Each structure stands twice: as C-alpha cells, then as structure tokens.
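Trainee: how would this look folded up:
(chains A, B and C, ligands or ions: 9)
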Amino acid sequence: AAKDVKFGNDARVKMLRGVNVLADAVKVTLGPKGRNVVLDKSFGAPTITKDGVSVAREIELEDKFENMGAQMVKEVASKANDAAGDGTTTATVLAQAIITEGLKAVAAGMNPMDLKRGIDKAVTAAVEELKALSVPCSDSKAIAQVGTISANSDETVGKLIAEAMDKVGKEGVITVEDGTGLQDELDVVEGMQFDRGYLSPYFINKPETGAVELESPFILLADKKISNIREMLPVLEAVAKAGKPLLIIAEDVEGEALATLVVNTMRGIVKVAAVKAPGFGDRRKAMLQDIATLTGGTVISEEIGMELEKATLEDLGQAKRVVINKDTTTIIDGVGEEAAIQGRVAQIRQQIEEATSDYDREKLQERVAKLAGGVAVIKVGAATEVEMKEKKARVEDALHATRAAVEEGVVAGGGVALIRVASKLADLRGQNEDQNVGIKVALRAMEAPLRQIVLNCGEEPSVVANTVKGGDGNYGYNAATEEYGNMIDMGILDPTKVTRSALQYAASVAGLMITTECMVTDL
Amino acid sequence: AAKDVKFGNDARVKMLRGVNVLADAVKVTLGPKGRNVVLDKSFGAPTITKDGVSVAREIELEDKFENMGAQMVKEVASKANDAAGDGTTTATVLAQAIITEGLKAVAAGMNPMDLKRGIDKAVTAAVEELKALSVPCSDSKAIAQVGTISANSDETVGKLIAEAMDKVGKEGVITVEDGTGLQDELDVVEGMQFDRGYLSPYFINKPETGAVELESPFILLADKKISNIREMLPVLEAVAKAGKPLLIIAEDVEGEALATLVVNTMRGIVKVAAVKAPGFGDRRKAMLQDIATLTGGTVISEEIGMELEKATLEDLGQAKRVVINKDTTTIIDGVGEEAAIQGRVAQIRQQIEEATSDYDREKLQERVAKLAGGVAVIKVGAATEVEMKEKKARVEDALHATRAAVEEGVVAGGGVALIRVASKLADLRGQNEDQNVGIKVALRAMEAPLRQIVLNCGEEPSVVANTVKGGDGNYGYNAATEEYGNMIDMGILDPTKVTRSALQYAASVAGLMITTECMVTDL
Amino acid sequence: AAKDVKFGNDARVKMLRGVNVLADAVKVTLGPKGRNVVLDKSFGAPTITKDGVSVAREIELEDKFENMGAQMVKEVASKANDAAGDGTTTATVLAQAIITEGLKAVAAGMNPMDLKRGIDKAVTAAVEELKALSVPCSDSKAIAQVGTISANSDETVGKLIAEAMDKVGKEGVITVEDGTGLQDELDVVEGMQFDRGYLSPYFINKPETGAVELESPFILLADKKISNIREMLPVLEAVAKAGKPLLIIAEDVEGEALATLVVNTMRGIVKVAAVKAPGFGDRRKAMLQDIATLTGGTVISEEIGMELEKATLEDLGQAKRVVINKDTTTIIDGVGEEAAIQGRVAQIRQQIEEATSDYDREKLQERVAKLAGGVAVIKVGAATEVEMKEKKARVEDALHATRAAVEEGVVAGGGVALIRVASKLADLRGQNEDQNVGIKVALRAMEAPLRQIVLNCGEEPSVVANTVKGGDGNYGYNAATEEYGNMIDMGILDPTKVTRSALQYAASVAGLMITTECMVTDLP
Ligand SMILES: Nc1ncnc2c1ncn2[C@@H]1O[C@H](COP(=O)(O)OP(=O)(O)OP(=O)(O)O)[C@@H](O)[C@H]1O
Ligand SMILES: Nc1ncnc2c1ncn2[C@@H]1O[C@H](COP(=O)(O)OP(=O)(O)OP(=O)(O)O)[C@@H](O)[C@H]1O
Ligand SMILES: Nc1ncnc2c1ncn2[C@@H]1O[C@H](COP(=O)(O)OP(=O)(O)OP(=O)(O)O)[C@@H](O)[C@H]1O
Ligand SMILES: [K+]
Ligand SMILES: [K+]
Ligand SMILES: [K+]
Ligand SMILES: [Mg+2]
Ligand SMILES: [Mg+2]
Ligand SMILES: [Mg+2]
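Mentor: Residues are numbered from 1 along each chain as shown, chains lettered A, B, ... in the order given. Ligands and ions are numbered 1, 2, ... in the order given. Below you will find the coordinate block:
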C-alpha cells in the first residue's frame, strides 16, 4: 500500500517513543519491588503478570513508527525469553538504555555504525568479563537462592526447585503444571524427556505458551514408516472415542498426510499429536522399545511383522500426561508396569556393563540417567486462576534461572554484575571516537538494570548506583531490605547465562536500531 | 491490535471504578434485606436473581480498563460459586473492600507486593481461626437453619433440605428441579450418582447452568471401547427415533471423531450425551452391571460377547431423567425393575459380607450406600418462570450451603465470624510495615460483609459493626429483625467452608489486583 | 456563569498539573546553567528572559483547574519579585516542591490543615536559622560577588553595581536604564541635579558647552510663578550691588520678567539665570525647601508669608557653583549648615517610614540622594533590543540582590543555605504526627533549589545533594565549575532576604494550596 516514509530525527524520536512505551510497561515489573502488569485478553479474564516478556509481547501501538520501534525492542524480550527463560525485563531495560544513549550520541552527530561497533565491542568484552566473574553453581551451591530470586523472593518456590533438582539430579527434567490445592506439591513420578518438537504449529492448544498438552494421551510407537492411509486409519478411528489422545511417535510426520485431513476431520474435540523420534537406526529402535515398556505399549517393526491393523487399544501404551514443546517433549507420568520398568532398567544397566564402546556406553548411560531421573512435577497451588497463572509464571522463571545457573554459573544479582564488568571495561577503546562513544553508551546502559530496580523501590537510583560502583566485588544493594552488602551472602544471585543473554540481545537489537536513518511503514 | 497502556494511579482508579461498578451491582443483593437484580437476557425474559455470581457474570463495562477491573473481580465470585456454591456476594464484598483499602495504602506509598504478602498472611491466619471457630453441624435443626439462611430466610426450603438429608443421608445426592405445581415437593426416588463429567463442552443445552439435562434419556452401557463407527451406528440410528436421548457410558469415552460427525448429524433436535465411566477394571464392570440392572439394561463386553448391534431397544435401559455435570453426573430415576434392583442390593450386600479386604469392603459398601440412598429430588414450586428461576437459585444455594455445612461445619452468620477472626488477629504482624498495613487492610475488609448487610438493612453499618465488635463469641446482629443476639441461637449460621472460600478467593484476587502498576488493553 | 466543581484527588491532581506546568516553565532558568525562556508578546518581538517572575506571569492554561493552580503558584513568584526583586525562580521551585510533597501527604490521608501548620512551623524556624546563619555583606568585594551571582555570573554587572554603591553611598539611589552603546556605563551625579533647564537659551555663559556656569551665585527660591520684574527688582538690585551671579528657581519665569533677566544677562549688570522649579504639586515645595536647606536659603511663598519685594541677600540662598544646561540643573557645594541638612534628611526618612507606596518611597529616597549622597544611572549596553531587555532584567536582579544583601546580609548560594537550615531543623516537631509530616515536607522542599540547579547542569541532583548535605557550614557545589567548595570562598552568595522571602512566600501559598478539597471554576 501507500507508504509513510520518515527520516532522520523525526523517525528516530518516533522509534524512541515506541521503545519507551514498551520499555516503561515492561520496566515497572523489574526487581523485588517491581509491580504487576494487567494484560487484557479477549479470550477470558485479564492476566496479571510480572513477566517482562509477556508485557512486551502484548505491547502494540497505534502510531506506526512507534509501533515499529516497539516491535523491534519487543524482539529483545522475546529472544531473552527463548534463550534463558528469565531476565527479559533486564534485557528490555538494557535495550532501552542503549537505544536512548545511542540516539543521544547520534543527535550529537557521531556515526551510528561506529556507535554500533563500539557497543558490540564493549558487549563482547563484557561477556568475557561475565564469564571471568561467574562463580559455578556447584561451588556456590545456592540453587534455592537462585530460584527464590527468580520467583520474586518466593523462598518456597526456591526450596521446591532445590528439592526437585537434588531428587532428580541437576540435569533431570522438571515440569511445572497447574495444581489443585492451595499449596505447591513436588511429585517425583516416572517419566521420559526427549529433545524433539511438533512438525506443525497447528497442534498448539488454547493456552498461548506454545506447548501442547494432552490428558492421558495414547502412545503409538513406530520405527518403520507406514505406507498407506488404510493401515493407520483404524488406529486413529479406534482412538476416536477412546478418551485418550493419540500421541504418535515416529520419525517425521508429513503434515499434509496427517494434519491436513485430520483437521478437516475434527473440529478440535481432541488434539491428535505427532512428534519426531530423536536419533536414528538401532538407537532409535532401543529408545522406542524403552518408551513402549515405560508406557506399556509395543513397537511396530517390519522385522516383527505385527501390523497396525492388528494392533488394539490394550497393546498400545499410555501416559498420565504429556507436554510437547518445540525445544523438548516430555512424558510426565506413564503407568505401564513398575516391575517391567525396573526389569528394563536392569537390562539396560546390564547392557552398559557388557558394552565397551565409548559412544554406546555414553548413550546407554544417558538412557539409564533418563529412566532413573524420571519426571519431577511441580504443582502450583493457588486459590484462583489468575493467581495460578501468575505463580506458574514465577515458578517457570525460577526453574529457567536455576537451570541456567547450573549450566553456566552465578554472578552478583541486582545489576551488580553488569556494574562490575562495566567498571572493568572503563579502559576499553575502539578504532575511533564514535566507537569509543558507543563503548561508553554500552557501559552506561549496563547500569540501567540496577537503577531501574532502585526506581521500582522508590529509592534514589543515582545514589545507589554511585554507592554500588564505589564498592567492589559482589558488594551491592539489597532492594528487598533496602541495605547494602555482599550480594552472594544475601543470596541475591543471577544466572550468568541470563545476564549475558540479556546484555547480548539488548545490545544487538539496540545497536541496529540506533543506526536507523529512515523508516518506511503503511500510512 | 493497537494498545491503550495506562500506568500508576490512572490505571488503578480505572480498575477500582470497574471493581466498584461490579461490586455495587452484586452487593445490593447481600443479606436478608438484600434486593433483587434484573439481568437482561437476549434469549427471553429477564432473570430476577439475588445471587451474586450471576450478577457478577453479567457485568461487563464499556471502558476497557474498568472492564479489566470488573472481570478480575468477577473471578472472585465465579471461584466462590465453583467452590462452595454460596458466599459469592460475600466474596465480592470482601474483594472490593480489600481492593479499596489496598489501593488507598498504595496511594499512601506502601509497597504493593508487601501489602499482598500481609493480606495473604492475615488470610492464612484467618483461615486457621475459622477452623478453630467452626462447630460441627451434625443436627437436623442446624441443617434446616443453614438452608433457611442460605435460601433468603425461607424456612420452607430449609425444612425441605433438612428432610431430604434426613431421608437420603447427609451425603446422599439431592437434585433441584422445577416443579409443575406451585408448591415445593420432596421426592425420594431411586437413582444413581457418580462423579464424572462430559467429555466435550459442546453437549451443553440452552440453559446457562453448564449442566446438560435429558428428558427420559436412553441408557447405553459399555466397558470395552468400540473400534469402528458401524458397530454403534445401528444403536445411534435406533435411538435416533427410539424416543429417548442416548446417554452413552463407556470406559474412557472421547469425542475426537464421535463429537464432530455427530454434531454434523443433528442440528440439536435431541441431545446425544457421552460420559466417562469412573474407576477401572472389575470395579468399573461391577458398577456398569449395577447401573444396567438399575435401568433395565445390559453391559456389552468382550468377555460377555454381546455387541451394540445385537442390542435392541428392549435390551437397552432407560432413565426417567438424567442430569450431567462436570463435577458429578446423576441419573435421577432409572425405572428398570424394582424386584431386580432389590435382589441386586441383596446380592451386592452379600458380596460385602463375604469380602474381607479393606478396599473391597469399602467400595462394596459405597455401592450399596448409593443404591439405598437413591436421589432426593426437590421440585421447586412457582407460579411463573421468573419466580421459578429465582426460587430454584435460592434452593440451589441452600443445598450447597447445607452440603458445605455438614462437610466443614458452621460459624456465626451475618459476617460475625469474620469480625471475630479479625479481632483475634489484631496482634498479627508481618516482616515489615507495609506487610503490617496489608494485614490491617485484610482485617478491616473482614468487617465489610456485616457492614454491607447493615447498609442493605438501611441501618448504620458503623454503629452495628462497633456493637458486634464489642461483643464476643457468636454475638451478632439479626438483620432480619434488627436486633442483637446469639447468631447460633437465632439460627443465623454460615458454613465454615463458604466463609473461608469467600475470604480466600477475595484475598488472592484482590492482593494481586492491588499490585498492578500498568494496564494494557485494546484501544 | 455555570460552574464546574471538582473535589478531592481529581481537583488536587488538576491543580498540581497546572502548578507543574508553570514551575516547569520557570525552573529551567534556575542556576548558572539555567536556560532562557522565550515569551511571545502580542506587541513587539518575543522576549527572551531568565527570570522566574516573567515566565510565571505569562503562564495561563486552557484547563480551568490547572489554570487555578498555575495562578496560585504564580503568586509566589510575583510576591518574591515584589519583596526582594530576586529569587523568584527559587521561590517557584520551593512552592512546587512543597505542593508535591504536601499533596503526597494528603494522599496518605494526613490532615492538610495540620500539614500546613507543620510547614508554617518549619518555615518560621527556618527563617530564624537563616537569620542566625546570615553574615553581614558590607565590603565591596562581597557586594560585587552578590551582583555577579544575581546577574547569571556576569562579573562586569557585579563590579559596576559595587562601584555605584561605593560612589552614591548608603543614601545614594541607583537606577537602571537603557544605554545607546554596547558597553555598560555608570553615571554618578552628586548633590542636586534636578531635571530642569534654562528658561531662556540666552542665559548660556559658555557657548562652546551650551551651558551656564555660575561661580558662587546667590540662589532665589520662589514658590510662585512670576511675569513682572517689579517684585524681584529689589532682589536684583541687591544682587547687582553684591556683584555675584544669581540663579532663580521658581514655578515659572516668563514674559517681561524673563526678558528683563535676559537683557540684564547680556548687559552684565547682573549674571542671572532662571530655571523652572522641579517636580509638581505637593512635591515641588518639598524640593524647593530641600534646596534652601542645602544652600542655606529661604523659599519665598505666599503660604509662608514673606514677599519677594522684601527679600534680601540673607534671604537668598548661597552655593559654590552652578551649572545650567538644557535638560538639568546642577548645584555644587551649596553653602548651608550641615546639621540642617541632616535634620531635613531625617524628616524625609520619617516620611519614607510613613510612606506606604512604592512610587512615593522611591521619590522620597531620590530626594534624600539629592540632598546627601548621590544618584547613579546604569546604562545597560547591548547590541539589540532583545539583548537589552534580557541584560536589563539581569542587572535589575543584581541591583535588587545587592540591596537585599546590604540590608540583611548574605548566606551560601547554590541552595546551600536552605540545605543547612533544613539539616538544623531535623529535630523540629509539631503538635501531632501530621504537623511533623508537614515539617518534613518543608525540610525536603528546602532541598529543591539545589537539586534543580544541579539538574539544570545535567548532573545527578540526588548525588550532589547528598554530597552537600554530608558537608558542613558553607560547603556546597559550585554549578558553574561543577566542583565542590566553600560557597563563600568561590563567591556564590545569596542575600539572606532573598532566600528568606522565597521560602516564606512559597510556603504560605503552597500550604494553602495543599489544604484544598474543592475547586469551583467556570465551565469550559
Ligand atoms: N532482593 C533483591 N535485591 C536486589 N536485587 C534483586 C533482588 N531480588 C531480585 N533482584 C534482581 O532483580 C532482577 C530480576 O528482576 P525481575 O525478576 O523483575 O526481572 P527479570 O528477571 O530481568 O525478568 P523477567 O522476570 O520479566 O523475565 C535481577 O537482576 C535480580 O538480581
Ligand atoms: N437474618 C439474618 N441476619 C443477619 N445476617 C444474615 C441473616 N440472614 C442471612 N445473613 C447473612 O447474610 C449473608 C448471606 O448473604 P446473601 O445470601 O445475600 O449472599 P451470599 O451468600 O454472600 O451470596 P450469594 O449471591 O451466593 O447468595 C451471610 O453472611 C449470612 O450469615
Ligand atoms: N556558580 C553557581 N554555583 C552554584 N549555585 C549558583 C551559582 N550561580 C548562581 N547560583 C545559585 O542560583 C540561585 C539563583 O539563580 P537564578 O538567577 O537562576 O534564580 P533566582 O534568583 O531564584 O530567580 P530569578 O532571577 O528568576 O528571580 C541561587 O541559589 C544562587 O546561589
Ligand atoms: K519483571
Ligand atoms: K446475595
Ligand atoms: K531564573
Ligand atoms: Mg526474573
Ligand atoms: Mg447465600
Ligand atoms: Mg537571580
């Protein structure tokens, strides 16, 4: 259509106004004194959330240039959520600060590309300093504190994550689901976790989390791909009124041959799900047999010769609950037979003892680790559905932050890590003066998380930032208690992955955004 | 779409204005001197009701932020209705009071998260005090009093509930349905009650109660799930014009295929219903056989060898009336054969005797308990349909109240319980001053039910509140007579569950709502 | 006409919005790094100014309730201008801070009347602490520093005002007017220089200068107007016998008398020059008497009783030297008793004390400066008229501040005095908790000028305020150099009267505004 084309400072101030609207909506949520944002839903009741990426995703503006700025900055929060599941508000605050100071530098007349290069150099150096400053979670051993900080000073959630990880291992899968009582319940049940996703995005249910879930789903297993529709049409037709959603696990379902005609078939009564089988060959066949034994089902194979037309409901397996995500699909609880599960575990352990190859040994040890850990389920207790959603979001943030902490380490919370690495980069220089100004923009913007936390506390951000900068190491400011101290000792820990990801994504988007001279959008 | 984003006090006052509109509409109904609200209905005549959740559900506002506040507070009334089926108005009044005082505290500058934590701590302590204050409701007079109070001081409804529970047992099922006559009739007929719900929400009939009902539904029983459409197509085609809505009870029913093509089949002339069979295995087969004997039908099974096609209209059973709800499905009256039902009761009882296992004995005695109790049907007598709906609402409320009363006990009515619990929590303190202010907000809001009752009486809520606070124990104010006295002696009893639920849901939603700094909604 | 009525939080929010509009327009000028505000004028070019009172005067809002708030807070700047002539921006900033904190307190449910009482108590204690903290400003160096600070760090203005005050003295009068040149000029005239020229051009003794120069002349002071030579004829004959020149001050000399005086002027019998008396009714007689006292003469009037035919040489006044030009008359070293001059000056001082009008008081002080001391005129030099107006406003501010400094002393500038006073009042308490909160909001508002100055420099107000509070005595933050030091040593001095007046007026107005619960105004 006809285009509105804006240039220079007019385009940049419109972009900054949209950035500021999104970033203020997100930034009111930052920190332990951060407040909740109500997001209206046409679906049902409004969602009350402290989660910055949710707020950012809901933001969309009427002015088209402001809307472009808001969408571009919204990418920062969405990328932080996708990468680490936490620190999305910190990432948005960093992005807004970089954008504001970089646009001020552009107004001062510095070359925006050189400003972007300076920002990128400063952020690379800051990522290196964050890696150097990071204390591994094994040495610190403060998983409960990380979960508490991520769950907004909810010590119960932090202790729940700590118990779940001490029970199912630091790498075992943990799933957050809606409970039924007022209290949070930890349930270490038998389950399986594999890193695969759905073939099509049309299997997404009414919830907007992007992960499909099934109530007591059916289990169908196959290593050899089927040849015609009539061979599996009886299995789908059988599950037709079997109140257990047919979860098909095979190599790679063609959406045109299942999803299209099934969508023409059902209007949404039940969500037939198809997922990819990870691995290949004999490893995939062994995993399929293990999953069938877990769920009580059987695997169809050409060598065996047993056919889907001969398959019945009793032959196939089942799982109490299954959650399928693009990143990783988890089976929460499969009944099967406990004695059969234990016998299969013993057989796989004997296979480990018999095998001597490194690849076979490591894959079989991954198998036994998955079977031993099972699935930890955290039931979220809440009186109402809006409290349920808020608390579940906070528990998801705590789980993501604890996972990131065990993956990469911890640093001082409350923006102190960024303050410290900015102080160590005070001597960083670029190839020219505009690159040096970009470096200084990045270093000043690294203060923005702490200052926004202090503003949300209603305290004086400049005074607290000065006091923290005058300190050293993990010295910082406890916003929950409004006093200074060693942040590690007070338990205010941030995952190094979360801080690094927030800084990197905010830097990339904001550095690109400060280089924009022209904006083209619909009238 | 483009979003209207409001912050701070503007967002909070819009939210409070919407809360106030919904809460005033609901609160005019509170107490004995509460008045009726007319809810316009597009389908037909307006409904006149004194129920609070109905009014709250109908409230929806033009201003989008006020609408956000109204929907969030409406969740309180809907949650209370779902939990105890009574106390929705009290819950709304509590939620509005907490919201108002918490927003005043936020304007005073207290940290809203700490206010929410104080409210939650006060409400937890208040739930403990409600359990301590509760007195077991184990008398027929007490049950009658609870029903009378819950039926807007209708002693006839209270006595009807008391007689129904003294006849079918304090746990036997009781169903409220319209009566042709102008008088309320108690009918203790044989019936079956099982805790299961419909597979799909597409079986909901015209009435908005969320429970489907069938006129003389046909009964079909199965423990083995079907494989193809053609096995049951003669049964569906038969009942098609047999004259009885086909109620299908099977192991694990599903509508994936059934619901879509059946909806494509009928346009709504008659309602085909499918429900899950509770339990599993031999227990489910025994229950299915019992239901088939009750309704005169037979249970198709692979072991039996019978098939749906083989079954004729005479072979299959029927029920005078069936009401299916998500929580619990009841068969009001399954004719069958009285001699058959008797003989089956004697057989099952002998099975209980013969049996020695604790699980077997318990389930067996539960079976005979259901058979003996049957269903107590209360026919609501009204001259007109609007009076029918109003009186049926009040009878439903009385039934839910009496149920909760026998389950969890009774406390002083007229908001006296909350007053007493607030007086006992006067010494409760939090971790900081904002938490203490939140505790005080909760304690002050616990007075709101009594004050609103007094306002509906047209009396002075402050004077009555102070007079009740000056007293102790079950001392309160009889609003029906405008005189003070012992609430228990005067018969003004509230179910402890109802009071606790109202308080908990109001607290959860209102504590979340007072923490909101930003609101995002469509323009 | 029909009225719009608003109550409680809504009315207070609209009032605060209007106050904030006015204060945001004004506070951008506070401090050395403060900027200029352009005020559109329906007539002439727009005015560029760095004065809070002008910006505040121009502010008027469309929203009626916001306009109410703006007008009320505009009273602060107007009153500060009226009393001290400086500090109007500091006063508007203080009023905005008090209003903001007090409205916050009202939103917390505290009684606004008690908040106002606490604010009043804190401000009274603050005025006492300012008086205690003030130091005299009598040296010319401190006066120059005060003028420089009040002129937006224009050392030339401060030094010029210091020189003017040193010349004219304590009783001297200094006025600021436009100058033709690009440079500021100081013109000081001593003794009597009343603005009346020769009644006849031919009286000019010195043609190359176009002025009459009389050496040791007699002075004739007649309160009446004359047109005939008969009545002064004995006086003229006596003067001619004496041989010294004569100067006539009278309501008017014209016709035959003037012509005869001129003819005798050329003929040389008597060196005579006649000029009009100064001023108008009720004042002209006072001027004549002042001149008689200076020159040791007597005024010839019909009210007093004496006639001019009976006037003698002893009746005539005496002066050392006289200069008549077309525009003004100058008398040098009038031969009159000193004690009489001091007595007449004391009577005029008593009239000043009795006077209740600005015009009357300035005219009486001008008369005093004519009798004793001197009168100075500062011609402001600027390249254009907009620059002329801006510089004239700054010079008038500097002059007002220097007069205030001489009257009541100086305190540390840069909002440091208010910071120290608020620190000294931390223990002050009221009758109840609401009064205590009012005291606290007044004390916190006392930090507003320093914070706004720092904000106008682009720095962090909170950090600088904390650093200044951590200091003691006159330690402060020089905004011009962005450095810390002794405000007195770096020459950042604020008149005690200016600071006290700003605090007092802002407190009174703001305290009344926070007490508002309803607003009544015309509908839109
Ligand atoms: N008590 C505390 N004192 C100081 N800083 C704290 C405290 N608790 C948490 N923080 C800091 O607050 C930040 C986390 O704030 P918040 O959880 O609101 O946002 P986020 O994690 O960046 O994003 P989001 O939760 O929206 O994904 C971290 O920098 C953390 O170290
Ligand atoms: N005669 C009475 N005197 C005093 N209080 C009474 C009397 N009758 C009932 N109440 C009180 O009135 C309250 C019940 O009010 P009401 O039945 O109007 O609404 P509700 O139970 O809160 O909600 P709903 O809309 O679900 O019916 C209880 O607290 C009960 O104790
Ligand atoms: N170099 C400086 N460093 C610090 N403070 C300074 C400096 N120069 C001036 N100030 C302070 O600026 C304040 C007044 O400056 P300004 O002329 O902007 O406002 P004002 O006198 O309050 O207003 P107005 O001239 O409109 O009546 C005083 O407190 C003075 O001490
Ligand atoms: K957040
Ligand atoms: K009611
Ligand atoms: K100024
Ligand atoms: Mg977080
Ligand atoms: Mg009720
Ligand atoms: Mg000034």
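
Trainee: and after the longest helix along chain A, which helix or strand comes next?
Mentor: Determined from DSSP state H, the single longest helix within chain A is helix A:385-408. With elements assigned by DSSP states H and E, the helix or strand that comes after helix A:385-408 is strand A:410-412.

Trainee: After that following strand, which helix or strand is next?
Mentor: Using DSSP H and E, the helix or strand that follows strand A:410-412 in sequence is helix A:416-424.

Trainee: quick one: is the next helix or strand after that following helix near chain C?
Mentor: Later in the chain than helix A:416-424, the nearest helix or strand by DSSP H and E is helix A:433-445. No. Helix A:433-445 does not reach chain C (Cβ under 8 Å from any Cβ of the partner chain); its nearest approach is 12.4 Å. The way it works is simple: take the backbone N, C-alpha and C, and place the C-beta from them, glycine included.

Trainee: Tell me what angle the next helix or strand after helix A:433-445 forms with helix A:416-424.
Mentor: The helix or strand immediately downstream of helix A:433-445 is helix A:448-457, counting by DSSP H and E. Here helix A:448-457 runs at an angle of 130 degrees relative to helix A:416-424 (axes from the mean of the first three to the mean of the last three Cα atoms, to 10 degrees).

Trainee: list the helices and strands helix A:448-457 packs on?
Mentor: helix A:88-107, helix A:416-424, helix A:461-470, strand A:475-478 (3 or more Cβ pairs under 8 Å, 6 or more residues apart in numbering or on different chains; DSSP states H and E).

Trainee: 6 Å instead, please
Mentor: helix A:88-107, helix A:461-470 (3 or more Cβ pairs under 6 Å, 6 or more residues apart in numbering or on different chains; DSSP states H and E).

Trainee: Of these, which is nearest residue B:251?
Mentor: For the helices and strands packed on helix A:448-457, distance to residue B:251 was read as Cβ to Cβ. The smallest value, 45.1 Å, belongs to helix A:88-107.

Trainee: chain center to stretch A:374-384, what's the gap?
Mentor: 18 Å (Cα atoms, centre = their mean, to the nearest Å).

Trainee: Dump it to PDB, restricted to CA.
Mentor: Listed next in PDB are the C-alpha coordinates belonging to stretch A:374-384 (Å, rounded to 0.1, in the frame of the first residue of the first chain):
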ATOM      1  CA  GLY A 374      12.000 -39.800  35.600                       C
ATOM      2  CA  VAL A 375       9.900 -36.600  35.700                       C
ATOM      3  CA  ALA A 376       9.600 -34.100  38.600                       C
ATOM      4  CA  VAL A 377       6.300 -32.300  38.500                       C
ATOM      5  CA  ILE A 378       5.800 -29.100  40.500                       C
ATOM      6  CA  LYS A 379       2.100 -28.500  41.200                       C
ATOM      7  CA  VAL A 380       1.400 -24.800  41.600                       C
ATOM      8  CA  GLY A 381      -1.000 -24.100  44.400                       C
ATOM      9  CA  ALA A 382      -3.300 -21.100  44.100                       C
ATOM     10  CA  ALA A 383      -6.800 -20.100  45.100                       C
ATOM     11  CA  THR A 384      -7.800 -18.600  41.800                       C
END
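
Trainee: before we move on, the earlier item: out of the helices and strands packed on helix A:448-457, which is closest to residue B:133?
Mentor: Of the helices and strands packed on helix A:448-457, nearest to residue B:133 by Cβ to Cβ is helix A:88-107, at 43.2 Å.

Trainee: For the stretch 1-150 of chain A, just list every one of the strands.
Mentor: A:3-7, A:36-39, A:47-49 (DSSP state E, counting those that start in this stretch).

Trainee: List the strands paired with the longest one, with their directions.
Mentor: Each strand paired with strand A:3-7, and its direction, by DSSP bridges: strand A:518-522 (antiparallel).

Trainee: Other residues contacting the partner strand?
Mentor: With contacts defined as Cβ atoms under 6 Å, 6 or more residues apart in numbering or on different chains, strand A:518-522 is touched by A:1, A:3, A:4, A:5, A:6, A:7, A:11, A:64, A:65, A:68.

Trainee: quick one on the thing from earlier: and the longest helix of chain A, what's buried?
Mentor: Under the neighbour-count criterion of 16 or more other Cβ atoms under 10 Å in any protein chain shown, helix A:385-408 has A:385-406, A:408 buried.

Trainee: how close does the closest residue to residue A:144 other than its chain neighbours get to residue A:175?
Mentor: Leaving aside its chain neighbours, residue A:144 sits nearest to residue A:162 (3.8 Å; criterion: Cβ to Cβ, 6 or more residues apart in numbering or on different chains). Relative to residue A:175, residue A:162 is positioned 16 Å away (criterion: Cβ to Cβ, to the nearest Å).

Trainee: do the same with residue A:74
Mentor: Residue A:74 is 28 Å from residue A:175, by Cβ to Cβ.

Trainee: what about the two, which has more around it?
Mentor: residue A:74 (26 against 21; other Cβ atoms under 10 Å in any protein chain shown).

Trainee: Which single residue of the stretch 151-300 of chain A ends up nearest chain C?
Mentor: residue A:153 (25.4 Å; Cβ to the nearest Cβ).
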